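Enquirer: Once you've had a glance at the structure underneath, I'll fire off some questions.
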Amino acid sequence: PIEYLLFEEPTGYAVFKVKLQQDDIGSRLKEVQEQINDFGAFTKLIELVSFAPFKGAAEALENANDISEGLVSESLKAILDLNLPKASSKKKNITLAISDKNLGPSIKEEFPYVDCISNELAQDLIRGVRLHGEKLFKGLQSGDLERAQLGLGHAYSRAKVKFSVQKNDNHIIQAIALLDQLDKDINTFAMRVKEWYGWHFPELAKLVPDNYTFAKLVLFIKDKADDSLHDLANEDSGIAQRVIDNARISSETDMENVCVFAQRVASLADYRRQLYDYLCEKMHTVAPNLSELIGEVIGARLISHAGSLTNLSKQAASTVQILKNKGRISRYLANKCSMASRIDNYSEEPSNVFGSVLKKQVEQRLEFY
Amino acid sequence: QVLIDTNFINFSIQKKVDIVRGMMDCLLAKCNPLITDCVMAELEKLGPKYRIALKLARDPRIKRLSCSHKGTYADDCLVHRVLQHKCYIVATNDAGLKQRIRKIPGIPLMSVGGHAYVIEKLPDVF
Amino acid sequence: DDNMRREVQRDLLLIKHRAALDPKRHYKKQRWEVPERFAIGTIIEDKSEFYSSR
Amino acid sequence: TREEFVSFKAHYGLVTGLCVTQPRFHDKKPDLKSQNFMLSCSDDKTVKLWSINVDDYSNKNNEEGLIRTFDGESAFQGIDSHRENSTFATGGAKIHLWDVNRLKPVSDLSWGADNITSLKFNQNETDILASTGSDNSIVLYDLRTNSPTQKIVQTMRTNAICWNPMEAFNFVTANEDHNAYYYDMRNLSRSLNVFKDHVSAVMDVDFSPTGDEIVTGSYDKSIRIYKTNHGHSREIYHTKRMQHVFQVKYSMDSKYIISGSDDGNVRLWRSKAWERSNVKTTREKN
Amino acid sequence: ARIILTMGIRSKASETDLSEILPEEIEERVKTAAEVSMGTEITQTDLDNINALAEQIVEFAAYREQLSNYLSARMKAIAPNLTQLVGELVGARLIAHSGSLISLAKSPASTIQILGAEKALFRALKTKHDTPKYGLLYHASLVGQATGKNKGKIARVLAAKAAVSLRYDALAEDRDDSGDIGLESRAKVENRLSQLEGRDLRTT
Amino acid sequence: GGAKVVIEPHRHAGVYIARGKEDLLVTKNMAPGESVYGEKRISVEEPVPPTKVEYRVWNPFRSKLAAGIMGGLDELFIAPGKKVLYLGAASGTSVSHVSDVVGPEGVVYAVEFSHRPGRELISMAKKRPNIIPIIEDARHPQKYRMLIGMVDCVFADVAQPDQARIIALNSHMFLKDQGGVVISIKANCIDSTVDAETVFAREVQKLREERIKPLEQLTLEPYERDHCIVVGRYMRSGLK
Amino acid sequence: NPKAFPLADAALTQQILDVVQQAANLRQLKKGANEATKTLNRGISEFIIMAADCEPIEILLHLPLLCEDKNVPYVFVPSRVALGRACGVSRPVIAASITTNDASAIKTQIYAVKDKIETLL
RNA sequence: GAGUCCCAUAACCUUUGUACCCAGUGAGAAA
RNA sequence: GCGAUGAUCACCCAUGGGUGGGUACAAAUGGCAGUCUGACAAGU
RNA sequence: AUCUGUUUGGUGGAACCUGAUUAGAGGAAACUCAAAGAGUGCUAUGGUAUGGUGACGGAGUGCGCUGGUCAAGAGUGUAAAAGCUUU
Ligand SMILES: [Zn+2]
């Protein structure tokens with residue numbers, strides 16, 4: 001007698017009622033072993049009486065950990081106390097079929113009138129309801145069971161390994177791989193801005209060569225002016241007002257358009273150095289020893305070209321591409337930097353002190369020469 | 001480890017050789033003798049004349065394998081499981097099985113000859 | 001299509017007659033007729049190791 | 001799984017009887033959800049009681065064998081346990097009654113000084129014993145009166161008895177002229193059936209738990225299943241490998257038949273040969 | 001970008017809704033994927049850079065569509081009959097392909113037909129094969145309306161009328177920037193496209 | 001290194017051969033644009049313009065399953081729509097190749113017990129969404145019986161002496177009937193007192209005792225000394 | 001569980017250090033952390049010994065991940081000074097590796113130590 | 001009549017300007 | 001007051017220059033490199 | 001080149017010989033008509049079919065049943081116990 005069946009699953013708990021017992025003595029035979037594959041005969045054995053779904057992925061992860069380490073959770077207590085009849089504790093307990101021989105003791109600790117069975121009969125009843133799944137439940141659950149399985153497997157694994165998204169080096173991979181892209185984008189866009197303003201006067205790109213400073217000053221100068229007080233951010237500003245007096249190049253709609261283009265260049269220019277500050281901060285919280293040793297942008301490009309903090313860590317020290325005496329300080333800094341990246345990757349929440357010591361060692365080595 | 005068959009057991013009892021002690025002083029090594037379920041089926045099918053042979057094959061020192069096929073043809077089972085794996089000595093006295101086993105290479109063959117066991121295709125016996 | 005088979009029709013002949021390109025290479029005996037669906041692709045050696053397969 | 005929980009070198013001679021118990025100790029409490037109990041008598045003058053670790057419930061988590069050793073002065077030949085109240089009975093040179101607490105027989109219940117070859121307790125009206133003695137005798141005992149009740153002498157020797165589990169006063173004897181006899185306890189002057197189709201001495205008999213058919217293994221190396229109202233064999237099971245079937249039981253499913261032969265093997269059979277054990281849809285069941 | 005600027009987080013998505021983005025049928029899919037997902041939970045210090053990138057590419061597309069407005073304006077003020085015939089960005093990459101507007105105007109209509117497909121053209125001339133028929137003019141809306149071999153046919157008639165309108169635009173002096181010659185040429189191409197989409201090679 | 005190969009479909013579905021002057025076992029790339037363990041890649045331009053899709057070289061000296069494929073196995077059960085339960089997903093080395101052989105419509109459950117390999121498994125399963133990483137001991141399948149349901153093939157690259165019990169437990173829980181059981185047996189890690197043929201014969205006997213019918217074994221000798229792949233199917237009723 | 005987890009006790013430590021000294025005499029020992037990771041990614045290594053008391057510990061904890069990837073036994077000796085002294089060099093070493101060789105006169109000893117540290121691990 | 005949507009919106013070569021060069025090894029080094 | 005947490009390992013002058021081979025980036029109204037056909041077709 | 005005549009590739013397919021097949025060998029079309037095979041899908045669910053032929057149903061009562069608690073009995077144990085067992 002195997003009277004009830006408890007199937008745990010990511011969407012919730014299910015209590016089934018066993019209608020017909022399968023054979024005990026003929027349980028290894030061919031027809032008994034493939035009646036759990038045929039669905040038309042498995043539905044003669046198993047009937048669903050209850051399904052308590054979870055409150056969400058949080059309670060799903062809680063009950064996944066409790067089922068994993070063999071404990072009865074509160075939702076288990078609720079559904080078992082709803083479904084199982086108040087049998088005696090000394091004479092003919094009610095029989096629940098589980099799949100976990102160390103979850104059984106936790107069930108009898110809470111309900112002493114329940115004896116729990118997980119032997120081969122309960123095992124193949126359980127794998128019958130696992131094999132059929134969504135067909136037994138008659139349509140009563142929200143959410144596809146495999147989609148909840150993907151979510152619960154990823155959540156369980158990240159919990160079990162303590163996956164932190166603060167010390168997640170893919171952020172600094174994508175940050176520096178995007179920062180190089182917008183380096184060349186601000187470069188080519190301000191080159192075209194300088195080209196389109198080159199026939200308004202071709203000396204602003206001679207006095208003010210930096211792309212952002214040129215673009216922000218030409219975003220507000222559109223004419224002659226004189227009144228050269230708020231154009232110092234003043235020898236270069238005085239020379240620029242002198243050149244505006246001696247203007248020596250040649251609209252309205254085109255000039256409005258190149259104003260929109262220079263505003264685009266300014267927006268790219270202050271999204272860069274927001275990103276740079278972000279990745280220096282993320283590099284201090286992800287790789288503090290590397291950034292103490294060779295700097296945040298250099299360590300960022302180092303772990304980008306390595307592919308991950310783990311790949312830079314597990315790489316050999318003689319095979320690190322960092323960027324005579326000048327020839328062998330590269331090798332010294334390489335193997336100290338590999339050491340620092342190993343410290344920084346495999347320590348769990350790192351300090352800065354070993355990056356400090358290795359910086360002291362490499363400055364002692366370079367000052368020795 | 002040595003796979004026995006039925007005429008090897010019958011010739012062992014007819015020549016008064018113990019199985020594990022005859023194997024040990026033939027090879028000068030520690031032997032594990034194996035009765036497959038088809039060899040055991042053949043000894044049981046031999047009838048009540050061979051009760052002595054059947055309950056000498058029932059011996060805790062003789063371990064026993066579990067063949068998974070239909071029928072009880074021990075020569076087919078021994079040939080298949082020896083040419084699959086080449087980690088077996090075949091102890092037999094059937095002329096046909098002796099010819100099969102000594103035609104497949106790398107398989108030593110043991111047989112009751114005289115008053116003790118002999119071994120042929122094992123090149124390290126002394 | 002035949003329009004692309006008429007562009008890669010020569011190196012498929014080279015792969016068919018691999019065995020007589022180098023006098024020291026000596027492949028194992030297959031026939032290798034031209035497969036019905038193929039694709040011509042270029043090896044990306046990455047930016048990790050230099051100078052060896054580069 | 002067709003595999004032994006445990007084996008036991010129990011005695012030195014033949015283990016001549018064994019049965020199973022739920023031992024009602026009045027100091028300990030029997031743990032029947034994780035231990036099974038079998039006791040067994042042999043010709044080396046011992047009855048031994050063993051416990052078995054059983055994986056059938058997963059409630060718990062253990063000192064398996066030989067919890068006690070009853071001791072007689074002469075050999076034993078049969079044993080059967082009462083289905084309550086800690087009691088069993090052993091036949092041998094004389095038939096004794098025992099309980100699992102005391103290390104000595106409670107009572108000797110022997111008709112005369114003629115030995116006893118077999119024993120069965122009743123299954124309902126559990127206090128009625130029956131026994132086969134080697135003077136071709138079948139004796140009934142009652143345990144209210146703590147005494148024998150009535151015996152009959154037949155032509156040849158009764159090898160075994162089994163009581164009808166559904167009729168409580170009928171039993172079947174299996175004896176050495178090659179047939180079985182269905183007897184009423186209230187009138188032993190006539191058998192109420194004879195099951196005839198064996199050709200050598202019938203070694204063991206057993207009832208279906210439905211009480212509707214019997215199984216009957218004999219010294220010709222074959223077993224036979226009989227409908228209880230007919231008197232000839234409904235079915236014969238044989239095998240070239242099976243020799244001299246000495247023990248037959250009818251499993252509590254009423255669907256399989258366990259036979260123990262004397263080459264060593266214990267074999268399962270279907271009681272209905274053409275019947276498969278899958279669950280059936282209503283079209284194939286109809 | 002607009003949806004991650006709107007919500008940010010998955011539980012935030014569970015409490016918010018949106019209809020101005022992601023129209024009316026992907027909402028249940030994003031809500032179900034918000035409820036069950038193999039995705040982690042981000043922090044605020046990198047949600048801030050995610051939001052900065054999202055507003056960055058939103059403003060990028062704003063600049064894209066306003067540059068397209070500028071291109072449409074300069075094109076319909078420089079060569080407006082080509083805009084009325086083949087469209088703004090198609091005529092724009094015609095002019096940008098051939099260099100100057102006068103250098104495109106002094107080219108025959110067959111060149112304006114095959115103008116984009118030079119490598120196919122010159123391989124199909126330097127071995128004796130069949131030349132292309134579409135070129136850069138394949139992405140005109142009229143050739144989009146045609147179907148079969150008559151998109152080669154109206155690529156030809158569209159290049160002829162586009163040569164007419166284009167050299168009118170480049171060589172006129174009393175031009176009015178009003179689309180008149182391009183519009184009558186487009187009416188000619190449209191009723192020609194009608195009369196060769198009305199025929200059918202089946203037999204009725 | 002910058003050369004050109006021709007990609008050709010293998011006999012096995014989902015895996016390919018790149019013929020050059022040395023031919024390569026090759027799989028499609030599920031996460032295009034990066035390598036996972038430093039293997040080389042092949043980028044084809046298949047024909048809206050054509051798209052650059054790419055392929056990854058499967059290294060038989062760093063993958064027992066690739067050593068089995070290119071030694072010649074009559075039937076892998078890892079197939080392009082299937083579910084594979086990888087046991088002993090020791091890093092993302094072979095699990096990536098099994099993952100993109102199985103494809104976007106199939107699932108690979110990568111079970112591993114150590115934690116730094118688990119961290120690399122999760123960071124690889126981000127860019128390969130068809131990998132469910134399960135950080136748990138495979139000797140107790142009940143501890144993750146809630147996360148996996150009804151796999152089609154089990155692959156076992158565990159290197160423990162209780163291998164056959166681990167394989168049997170995971171198969172009886174999650175494998176379906178007549179599903180695939182691919183085992184990589186390492187003789188020296190099972191036990192080194194006996195020879196390799198003795199331990200392979202014992203492991204095959206253990207599999208058929210746990211009712212997994214072996215179809216095929218391969219020694220995979222030029223890539224690994226004293227290894228084996230045993231391919232069986234989970235018969236569940238009637239190995240006979 | 002510490003980071004340097006599968007540490008050996010004193011008898012296993014001295015067995016390990018004796019076979020390390022003999023392999024260092026027989027030119028079968030590659031000593032040092034980056035030589036050890038070089039021979040580990042090359043595949044010529046039978047087991048790696050890390051010392052569990054160097055001044056950082058992640059400096060050699062990079063190696064258990066490599067050993068796990070390639071299924072190589074790894075064991076933690078509790079003295080870098082004694083490990084260097086066994087290696088036969090005049091400095092402490094923090095990691096060493098026994099390279100594979102079949103013309104090696106200590107193959108039985110190396111296999112016995114491999115079995116002991118693998119049943120430990 | 002007629003091979004572009006399969007990068008003439010491209011590829012390669014040449015020249016001109018800008019920044020560099022001409023990994024493994026594995027116990028020595030210094031006096 | 002060392003070290004395995006790593007020692008070590010193209011042409012011309014009495015740190016500095018002269019001359020060029022490869023690397024990337026960008027440019028070129030530099031090159032390859034040359035802008036299809038030409039009178040019928042559809043319907044009744 | 002009114003030199004050359006080998007190779008590669010296409011076209012062609014005599015004689016002999018070998019193998020297979022034979023109301024000669026095919027091909028194209030489909031919201032065509034039939035004959036069969038394999039796999040997959042679908043709650044595919046009466047272990048003996050509704051709560052009830054006024055012979056019935058509902059309400060209530062009485063008997064029956066379940067669980068824990070307490071008390072009593074009895075066994076066992078013991079100096080006394082305690083404890084444990086009790087269809
Ligand atoms: Zn066999």
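Convention: chains lettered A, B, ... in structure tokens order; per-chain residue numbering from 1; ligands numbered from 1 as shown.
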Specify as a compact mmCIF listing (two decimals) with N, CA, C and O atoms, in the first residue's frame all residues of chain F found within 12 Å of chain C, counting only C-alpha atoms.

Expert:
# COMPACT_ATOMS: atom_id res chain seq x y z
N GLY F 1 46.06 29.32 -39.60
CA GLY F 1 46.06 30.49 -38.74
C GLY F 1 45.33 31.67 -39.35
O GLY F 1 44.80 32.52 -38.65
N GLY F 2 45.31 31.71 -40.67
CA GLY F 2 44.47 32.64 -41.40
C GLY F 2 43.96 31.94 -42.64
O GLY F 2 43.41 32.58 -43.54
N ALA F 3 44.13 30.62 -42.68
CA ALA F 3 43.85 29.81 -43.86
C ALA F 3 42.35 29.62 -44.04
O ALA F 3 41.53 30.09 -43.25
N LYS F 4 41.99 28.90 -45.10
CA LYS F 4 40.60 28.68 -45.46
C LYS F 4 40.31 27.20 -45.49
O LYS F 4 41.08 26.42 -46.05
N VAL F 5 39.18 26.81 -44.90
CA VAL F 5 38.76 25.43 -44.81
C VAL F 5 37.39 25.32 -45.45
O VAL F 5 36.72 26.31 -45.71
N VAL F 6 36.95 24.09 -45.70
CA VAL F 6 35.58 23.83 -46.13
C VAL F 6 34.86 23.08 -45.02
O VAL F 6 35.38 22.10 -44.47
N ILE F 7 33.71 23.58 -44.63
CA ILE F 7 32.93 22.94 -43.58
C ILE F 7 32.02 21.93 -44.23
O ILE F 7 31.48 22.17 -45.30
N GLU F 8 31.83 20.79 -43.59
CA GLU F 8 31.10 19.69 -44.16
C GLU F 8 30.39 19.02 -43.01
O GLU F 8 30.98 18.89 -41.94
N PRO F 9 29.14 18.60 -43.15
CA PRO F 9 28.47 17.93 -42.04
C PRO F 9 29.01 16.52 -41.84
O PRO F 9 29.24 15.78 -42.79
N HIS F 10 29.23 16.16 -40.57
CA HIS F 10 29.64 14.83 -40.17
C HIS F 10 28.47 13.86 -40.31
O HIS F 10 27.34 14.24 -40.63
N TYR F 16 30.51 18.87 -37.29
CA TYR F 16 30.99 19.11 -38.64
C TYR F 16 32.47 18.80 -38.73
O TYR F 16 33.17 18.66 -37.72
N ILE F 17 32.97 18.71 -39.96
CA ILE F 17 34.38 18.53 -40.26
C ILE F 17 34.82 19.68 -41.14
O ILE F 17 34.19 19.96 -42.16
N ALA F 18 35.91 20.33 -40.76
CA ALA F 18 36.52 21.35 -41.60
C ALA F 18 37.71 20.72 -42.30
O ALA F 18 38.71 20.41 -41.65
N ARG F 19 37.60 20.53 -43.60
CA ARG F 19 38.67 19.97 -44.40
C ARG F 19 39.59 21.08 -44.88
O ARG F 19 39.12 22.07 -45.45
N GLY F 20 40.88 20.90 -44.64
CA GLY F 20 41.92 21.72 -45.22
C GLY F 20 43.02 20.80 -45.71
O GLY F 20 42.75 19.91 -46.52
N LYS F 21 44.25 20.99 -45.24
CA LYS F 21 45.27 19.97 -45.37
C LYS F 21 45.44 19.16 -44.10
O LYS F 21 46.10 18.12 -44.13
N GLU F 22 44.92 19.65 -42.98
CA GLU F 22 44.62 18.86 -41.80
C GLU F 22 43.18 19.16 -41.47
O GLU F 22 42.80 20.32 -41.39
N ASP F 23 42.38 18.13 -41.29
CA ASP F 23 40.97 18.37 -41.05
C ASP F 23 40.63 18.32 -39.57
O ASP F 23 41.22 17.56 -38.80
N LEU F 24 39.66 19.14 -39.20
CA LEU F 24 39.36 19.51 -37.83
C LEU F 24 37.94 19.07 -37.50
O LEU F 24 37.03 19.28 -38.30
N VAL F 26 34.68 20.06 -35.64
CA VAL F 26 34.22 21.44 -35.56
C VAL F 26 32.76 21.43 -35.14
O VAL F 26 31.99 20.56 -35.56
N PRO F 32 28.63 33.50 -30.54
CA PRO F 32 29.63 33.87 -31.54
C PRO F 32 30.44 35.08 -31.12
O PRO F 32 29.91 36.04 -30.55
N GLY F 33 31.73 35.02 -31.40
CA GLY F 33 32.60 36.15 -31.19
C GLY F 33 33.59 36.01 -30.06
O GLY F 33 34.38 36.93 -29.83
N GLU F 34 33.59 34.89 -29.34
CA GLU F 34 34.58 34.68 -28.30
C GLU F 34 34.87 33.19 -28.18
O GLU F 34 34.02 32.35 -28.48
N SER F 35 36.09 32.88 -27.76
CA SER F 35 36.48 31.51 -27.47
C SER F 35 36.41 31.27 -25.97
O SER F 35 36.60 32.18 -25.17
N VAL F 36 36.13 30.03 -25.60
CA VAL F 36 35.88 29.67 -24.21
C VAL F 36 37.13 29.18 -23.50
O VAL F 36 37.44 29.61 -22.39
N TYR F 37 37.92 28.32 -24.15
CA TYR F 37 39.16 27.84 -23.55
C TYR F 37 40.34 28.03 -24.49
O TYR F 37 41.35 27.33 -24.38
N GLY F 38 40.24 28.98 -25.40
CA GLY F 38 41.37 29.28 -26.26
C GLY F 38 41.49 28.41 -27.49
O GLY F 38 42.56 28.35 -28.09
N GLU F 39 40.42 27.73 -27.88
CA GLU F 39 40.42 27.00 -29.13
C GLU F 39 40.35 27.96 -30.30
O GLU F 39 40.02 29.14 -30.15
N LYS F 40 40.67 27.47 -31.48
CA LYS F 40 40.53 28.32 -32.64
C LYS F 40 39.14 28.19 -33.24
O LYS F 40 38.40 27.25 -32.97
N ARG F 41 38.79 29.19 -34.04
CA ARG F 41 37.45 29.32 -34.58
C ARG F 41 37.52 29.47 -36.09
O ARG F 41 38.57 29.77 -36.65
N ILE F 42 36.39 29.22 -36.74
CA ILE F 42 36.23 29.35 -38.17
C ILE F 42 35.00 30.20 -38.42
O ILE F 42 33.92 29.91 -37.92
N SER F 43 35.14 31.25 -39.21
CA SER F 43 34.02 32.16 -39.43
C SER F 43 33.57 32.05 -40.87
O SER F 43 34.29 32.47 -41.78
N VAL F 44 32.38 31.50 -41.10
CA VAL F 44 31.84 31.44 -42.43
C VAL F 44 30.85 32.58 -42.57
O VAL F 44 30.34 33.14 -41.59
N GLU F 45 30.60 32.98 -43.81
CA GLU F 45 29.69 34.07 -44.13
C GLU F 45 28.49 33.42 -44.83
O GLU F 45 28.48 33.28 -46.05
N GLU F 46 27.50 33.02 -44.04
CA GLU F 46 26.47 32.31 -44.78
C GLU F 46 25.36 33.26 -45.21
O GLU F 46 25.03 34.20 -44.47
N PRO F 47 24.78 33.08 -46.40
CA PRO F 47 23.69 33.93 -46.88
C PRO F 47 22.31 33.41 -46.52
O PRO F 47 21.36 33.71 -47.25
N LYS F 52 27.78 36.57 -40.59
CA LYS F 52 29.01 35.87 -40.21
C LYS F 52 28.67 34.95 -39.05
O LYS F 52 28.56 35.39 -37.90
N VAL F 53 28.51 33.68 -39.32
CA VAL F 53 28.34 32.73 -38.24
C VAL F 53 29.67 32.01 -38.07
O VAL F 53 30.52 32.04 -38.96
N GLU F 54 29.90 31.41 -36.92
CA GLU F 54 31.22 30.86 -36.69
C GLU F 54 31.13 29.52 -35.99
O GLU F 54 30.07 29.07 -35.56
N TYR F 55 32.29 28.89 -35.89
CA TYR F 55 32.46 27.49 -35.59
C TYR F 55 33.68 27.37 -34.69
O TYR F 55 34.60 28.17 -34.77
N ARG F 56 33.70 26.33 -33.88
CA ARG F 56 34.76 26.16 -32.90
C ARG F 56 35.42 24.80 -33.08
O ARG F 56 34.73 23.80 -33.29
N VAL F 57 36.75 24.77 -32.99
CA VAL F 57 37.49 23.53 -33.18
C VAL F 57 37.44 22.73 -31.88
O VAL F 57 37.84 23.22 -30.82

Enquirer: List all protein, DNA and RNA residues that have at least one atom no more than 10 Å from any atom of ligand 1, counting only C-alpha atoms (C1' of nucleotides) and all ligand atoms, and write them as a PyMOL selection string.

Expert: chain B and resi 35-42+65-81

Enquirer: I'd like the contact shell of region 157-162 of chain F - 7 Å cut-off, only C-alpha atoms (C1' of nucleotides), skipping same-chain residues fewer than 5 positions apart - returned as number ranges by chain.

Expert: F: 87-88, 183-184, 186, 189-190

Enquirer: Might you pull out every residue within 9 Å of residue 259 (chain A), with only C-alpha atoms (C1' of nucleotides) counted and same-chain residues fewer than 5 positions away left off, and present them as a tab-separated table (two decimals) with N, CA and C atoms, in the first residue's frame?

Expert:
chain	number	residue	atom	x	y	z
A	193	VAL	N	33.20	67.44	-37.26
A	193	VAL	CA	32.78	68.76	-36.77
A	193	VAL	C	33.82	69.81	-37.12
A	215	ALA	N	34.60	71.61	-29.49
A	215	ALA	CA	33.17	71.41	-29.71
A	215	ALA	C	32.34	72.24	-28.74
A	218	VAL	N	32.58	75.98	-29.79
A	218	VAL	CA	31.86	76.29	-31.02
A	218	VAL	C	30.38	75.99	-30.91
A	219	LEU	N	29.95	75.29	-29.86
A	219	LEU	CA	28.52	75.19	-29.60
A	219	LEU	C	27.88	76.51	-29.20
A	220	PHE	N	28.65	77.47	-28.70
A	220	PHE	CA	28.08	78.76	-28.38
A	220	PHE	C	28.62	79.91	-29.21
A	222	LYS	N	28.93	81.31	-32.85
A	222	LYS	CA	28.29	81.04	-34.14
A	222	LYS	C	28.38	82.25	-35.06
A	254	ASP	N	22.43	74.86	-42.31
A	254	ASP	CA	23.63	74.04	-42.18
A	254	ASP	C	24.38	74.35	-40.89
A	264	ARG	N	25.97	66.63	-30.18
A	264	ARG	CA	26.15	65.18	-30.13
A	264	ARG	C	27.55	64.81	-29.68

Enquirer: Show me which bits of chain A are within 9 Å of chain F, counting only C-alpha atoms, as a ChimeraX atom specification.

Expert: /A:8-10,28-34,37,64-65,67-70,99-100,123-124,126-127,130-133,146,148-154,156-158,160-163,170,307,310-311,346

Enquirer: Would you compute the distance between CA of residue 136 (chain D) and CA of residue 45 (chain D)? Give it in Å to one decimal.

Expert: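 Distance between the two atoms: 23.8 Å.
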
Enquirer: Run DSSP on the backbone of this structure and report the residues of region 63-123 of chain F it assigns to strand (DSSP E), as a short mmCIF file (atom, residue, chain, number, x, y, z; two decimals) with C-alpha atoms, in the first residue's frame.

Expert:
data_model
loop_
_atom_site.label_atom_id
_atom_site.label_comp_id
_atom_site.auth_asym_id
_atom_site.auth_seq_id
_atom_site.Cartn_x
_atom_site.Cartn_y
_atom_site.Cartn_z
CA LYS F 83 18.62 17.08 -23.34
CA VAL F 84 21.98 15.93 -21.97
CA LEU F 85 22.83 15.56 -18.30
CA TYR F 86 26.55 16.19 -18.11
CA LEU F 87 28.00 14.70 -14.92
CA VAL F 107 19.16 21.65 -22.87
CA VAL F 108 22.43 20.65 -21.19
CA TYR F 109 22.34 20.26 -17.41
CA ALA F 110 25.95 20.68 -16.29
CA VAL F 111 26.44 19.11 -12.86
CA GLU F 112 29.63 19.98 -10.99
#

Enquirer: Return the neighbours of chain B among the residues of chain D, cut-off 8 Å, counting only C-alpha atoms, as a list in words.

Expert: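 On the chain D side, the interface is residues 240, 241, 243 and 263 of chain D.
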
Enquirer: Please, could you write that set of residues out with C-alpha atoms as a compact mmCIF listing (two decimals), in the first residue's frame?

Expert:
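Wrote selection20.txt, looks like this:
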# COMPACT_ATOMS: atom_id res chain seq x y z
CA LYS D 240 14.32 -29.72 -16.87
CA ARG D 241 16.33 -27.74 -14.31
CA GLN D 243 14.39 -31.38 -9.36
CA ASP D 263 19.06 -28.38 -6.71

Enquirer: Just the residues within 6 Å of residue 4 (chain H), please, counting only C-alpha atoms (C1' of nucleotides), with nothing from its chain fewer than 5 positions along; format it as number ranges by chain.

Expert: E: 117, 132, 135

Enquirer: Kindly determine which residues of chain E lie within 6 Å of chain A, considering only C-alpha atoms, and give the answer as a list in words.

Expert: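 Matching residues, ligands excluded from the count: residues 36, 37 and 38 of chain E.
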
Enquirer: Restricted to N, CA and C atoms, what would the selected residues look like written as an mmCIF file, in the first residue's frame?

Expert:
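Saved the output as part-v6.cif:
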data_model
loop_
_atom_site.group_PDB
_atom_site.id
_atom_site.type_symbol
_atom_site.label_atom_id
_atom_site.label_comp_id
_atom_site.auth_asym_id
_atom_site.auth_seq_id
_atom_site.Cartn_x
_atom_site.Cartn_y
_atom_site.Cartn_z
ATOM 1 N N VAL E 36 9.784 34.821 -14.256
ATOM 2 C CA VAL E 36 10.736 33.713 -14.240
ATOM 3 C C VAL E 36 11.861 34.016 -15.223
ATOM 4 N N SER E 37 13.098 33.981 -14.733
ATOM 5 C CA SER E 37 14.237 34.356 -15.556
ATOM 6 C C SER E 37 15.513 33.760 -14.995
ATOM 7 N N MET E 38 16.456 33.505 -15.896
ATOM 8 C CA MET E 38 17.802 33.088 -15.549
ATOM 9 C C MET E 38 18.748 34.264 -15.394
#

Enquirer: Can you tell me, as a ChimeraX atom specification, what residues are no more than 7 Å from region 68-85 of chain J when counting only C-alpha atoms (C1' of nucleotides), ignoring any on the same chain fewer than 6 positions away?

Expert: /D:26-29

Enquirer: Generate a file of the selected residues that holds N, CA, C and O atoms, formatted as a tab-separated table (two decimals), in the first residue's frame.

Expert:
chain	number	residue	atom	x	y	z
D	26	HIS	N	7.33	-8.33	26.02
D	26	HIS	CA	6.64	-7.44	26.95
D	26	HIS	C	7.60	-6.56	27.73
D	26	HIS	O	7.18	-5.85	28.64
D	27	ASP	N	8.88	-6.58	27.38
D	27	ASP	CA	9.81	-5.57	27.84
D	27	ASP	C	10.25	-4.62	26.73
D	27	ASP	O	10.28	-3.41	26.94
D	28	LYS	N	10.58	-5.15	25.56
D	28	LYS	CA	10.89	-4.31	24.42
D	28	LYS	C	9.64	-4.09	23.57
D	28	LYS	O	8.59	-4.70	23.79
D	29	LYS	N	9.76	-3.19	22.61
D	29	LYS	CA	8.71	-2.94	21.64
D	29	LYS	C	9.20	-3.37	20.27
D	29	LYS	O	10.31	-2.99	19.87
